[PDB]
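Read through the structure below, which is laid out as structure tokens, and then see the notes.
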Amino acid sequence: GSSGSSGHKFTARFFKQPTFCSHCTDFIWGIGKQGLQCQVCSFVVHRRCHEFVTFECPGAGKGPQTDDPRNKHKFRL
Ligand SMILES: [Zn+2]
Ligand SMILES: [Zn+2]
């Protein structure tokens, strides 16, 4: 096998709920148990989608880019 993932912290993890791949725009819970969720940007993508992934993890590797994900904070409970 070619050593060098250079990707996210993908790792097999049971999905009691119907996970939704935010890459190919397809379902996961049903067409098998191929679902790897990243422990950094909570980016879960099919087993094959993993390698396909091109985006650069915001946490894994590089830090927080100029842009900012956080938004207006809540006031009430
Ligand atoms: Zn996918
Ligand atoms: Zn990630």
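Because the Cβ atoms are built from the backbone with ideal geometry, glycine has one as well, and the counts that use them run over all protein chains shown. Any read-out appearing in this document is the output of simple, stated calculations on the displayed coordinates, not a laboratory observation.
Among the residues of the range 33-62 satisfying the criterion of being β-branched (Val, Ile, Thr) and within 11 Å of the chain's Cα centre (by Cα), which is nearest to residue 6 (Cα to Cα)? Applying the filter and picking the extreme gives 53. Exactly one residue out of 19, 66, 25 is within 16 Å of ligand 1 (Cβ to nearest atom) and either surrounded by fewer than 10 Cβ atoms within 10 Å (Cβ to Cβ) or at positive phi (or both): that is 25. The set of residues from the range 1-46 being farther than 24 Å from residue 62 by Cβ and not in a loop (DSSP other than H, G, I, E, B) comprises 12, 20, 27. Listed conditions (1) in contact with a strand residue (DSSP E or B) (Cβ under 9 Å, 6 or more places away or on another chain); (2) within 26 Å of residue 64 (Cα to Cα) are all met by residue 25, apart from (1).
Cβ-Cβ distance below 6 Å, separation of 6 or more or different chains: which pairs start in the range 40-65 with a residue that is without any contact (Cβ under 8 Å) to a residue 40 or more places away in the chain and end on one that is within 15 Å of ligand 1 (Cβ to nearest atom) and of a type in the set (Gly, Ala, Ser)? Every condition considered, the pairs that remain are 44/35.
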